[PDB]
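Participant: Read in order, the letters of the sequence shown are residues 16 to 34, 37 to 67, 69 to 125, 127 to 130, 132 to 184, 184A, 185 to 188, 188A, 189 to 204, 209 to 217, 219 to 221, 221A, 222 to 245 in the entry's author numbering.
Idealized CB from N, CA, C, for every residue including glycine.
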Amino acid sequence: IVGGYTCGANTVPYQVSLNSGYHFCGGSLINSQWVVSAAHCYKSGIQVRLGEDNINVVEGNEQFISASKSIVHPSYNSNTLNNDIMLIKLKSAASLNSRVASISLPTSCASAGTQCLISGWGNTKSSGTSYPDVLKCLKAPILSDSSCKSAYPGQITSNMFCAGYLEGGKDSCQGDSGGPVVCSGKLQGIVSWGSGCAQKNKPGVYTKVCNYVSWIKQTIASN
Ligand SMILES: N=C(N)c1ccc(CNC(=O)[C@@H]2CCCN2C(=O)CNC2CCCCC2)cc1
Ligand SMILES: [Ca+2]
């Protein structure tokens, strides 16, 4: 997160860190046994870390649970990042509490101008690299269709939206991938891609979760 702020410990209780001996992606807890992340975050050997603030210190409140299943959308395209969504089933259910909590799926898509909360342990610099220990947050609005497509012509599918700031300075970034975009208490986006980070006229691009609510429920119900 570039241009954001320290969230505060466990203020984003649905935020998870995906770990492979290091933090490599974010995710969102949507019930005690399932996480939503980016298909481009797929790999073997995923450990889900819930309840985290400082990812480099065992502080209390952490739950480390191995992934049992990682289900990449069958129509994911690694070139266009269309359908950049993955469901991870935990080997055991998490213990839900004030610091480890699920986030609701949307009942409808969000509209342009809606303010949302984006969070993660990704890069905090727009030119170079600095990775934080504690969770970072950013308030960011959803952009209009036309503005999104003007920023990224021929690259925005119906399964993507733009959010952020055309003036630069405030954005998600590498390491935030798979993490939440939450708007009015609903999980509307997944950190997916962009051109650079926090660059002028190049806002972030997010997986449009409202298009996958039925896929998610059907897939979880059958697994
Ligand atoms: N909101 C941002 N600006 C942002 C950007 C990137 C990421 C992480 N996602 C990624 O890195 C995804 C994986 C496949 C390649 N990809 C990219 O985003 C491609 N980024 C380049 C495209 C051409 C212009 C230079 C930058 C997360 C957020
Ligand atoms: Ca910790």
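From which residue to which residue does the alpha helix (DSSP H) around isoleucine 106 run?
Facilitator: Segment 104-108 is the beta strand (DSSP E) holding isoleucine 106; no alpha helix (DSSP H) there.
Participant: Is it true that the CB of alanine 111 sits closer than 7 Å to the CB of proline 28?
Facilitator: Not in contact: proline 28 and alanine 111 (Cβ atoms no closer than 7 Å).
Participant: Can you list, in chain order, the residues of its chain with a C-beta nearer than 8 Å to that of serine 130? Leave out the 5 residues immediately preceding and following it.
Facilitator: Here the set comprises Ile162.
Participant: Does the Cβ of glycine 140 have 16 or more other Cβ atoms within 10 Å, making it buried, or fewer, making it exposed?
Facilitator: Label assigned to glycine 140: buried.
Participant: Measuring straight from C-alpha to C-alpha, what distance separates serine 96 and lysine 60?
Facilitator: Computed Cα separation, rounded: 13 Å.
Participant: Measure the C-alpha to C-alpha separation of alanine 160 and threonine 98 and round it to an integer number of angstroms.
Facilitator: Between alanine 160 and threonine 98, the C-alpha separation is close to 24 Å.
Participant: Of the residues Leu137, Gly23, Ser190 and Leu46, which one's Cα is nearest the Cα of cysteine 201?
Facilitator: Looking at the Cα atoms, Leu137 is the closest of the given residues.
Participant: In whole angstroms, give me the CA-to-CA distance for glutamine 50 and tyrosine 20.
Facilitator: About 29 Å.
Participant: What is the DSSP secondary structure of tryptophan 141, reduced to helix, strand or coil?
Facilitator: It is coil, neither helix nor strand.
Participant: Determine the contact status of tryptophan 237 and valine 227, defining contact as a CB-CB distance below 7 Å.
Facilitator: Going by C-beta atoms, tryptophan 237 is not nearer than 7 Å to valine 227.
Participant: Quick one: Cα of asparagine 34 to Cα of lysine 222, how far?
Facilitator: Going by the C-alpha atoms only, they are around 31 Å apart.
Participant: Rank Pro124, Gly142, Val53 and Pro173 by C-alpha distance to the C-alpha of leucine 158 and give the top, closest one.
Facilitator: Minimum Cα distance to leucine 158 is reached at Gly142.
Participant: I'd like to know whether the C-beta atoms of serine 84 and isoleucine 106 end up nearer to each other than 7 Å.
Facilitator: Contact: no.
Participant: Check whether the Cβ atoms of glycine 219 and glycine 43 sit closer than 7 Å, and answer yes or no.
Facilitator: No; because the gap between Cβ atoms is not below 7 Å, this pair is not in contact.
Participant: With DSSP as the reference, label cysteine 157 as helix, strand or coil.
Facilitator: Three-state DSSP puts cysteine 157 in a strand.
Participant: Under the three-state reduction of DSSP, which class applies to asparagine 34: helix, strand or coil?
Facilitator: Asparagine 34 falls in the strand class under three-state DSSP.
Participant: Which value, in whole angstroms, describes the spacing of the CA atoms of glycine 78 and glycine 174?
Facilitator: Computed Cα separation, rounded: 46 Å.
Participant: Around the C-beta of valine 76, are 16 or more other C-beta atoms found within 10 angstroms, so that it is buried, or is it exposed?
Facilitator: When all chains shown are included, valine 76 counts as exposed.
Participant: Considering only the alpha carbon of each residue, which of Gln81, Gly184 and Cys191 lies closest to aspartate 71?
Facilitator: When only C-alpha atoms are compared, the closest one is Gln81.
Participant: Just the C-alpha distance for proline 152 and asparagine 115, rounded to the nearest angstrom, thanks.
Facilitator: Approximately 25 Å, taken between the alpha carbons.
Participant: Short check: CB of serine 45 to CB of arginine 66, under 7 Å?
Facilitator: Going by C-beta atoms, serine 45 is not nearer than 7 Å to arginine 66.
Participant: Kindly examine ligand 1 and report whether one of its heavy atoms sits closer than 6 Å to the Cβ of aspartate 102.
Facilitator: Result no, Cβ not under 6 Å from ligand 1.
Participant: Can you list, in chain order, the residues of its chain with a C-beta nearer than 6 Å to that of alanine 243? Leave out the 5 residues immediately preceding and following it.
Facilitator: Nothing listed; no residue qualifies.
Participant: Determine the DSSP secondary structure at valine 227, reduced to helix, strand or coil.
Facilitator: Looking at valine 227 - three-state DSSP - the assignment turns out to be strand.
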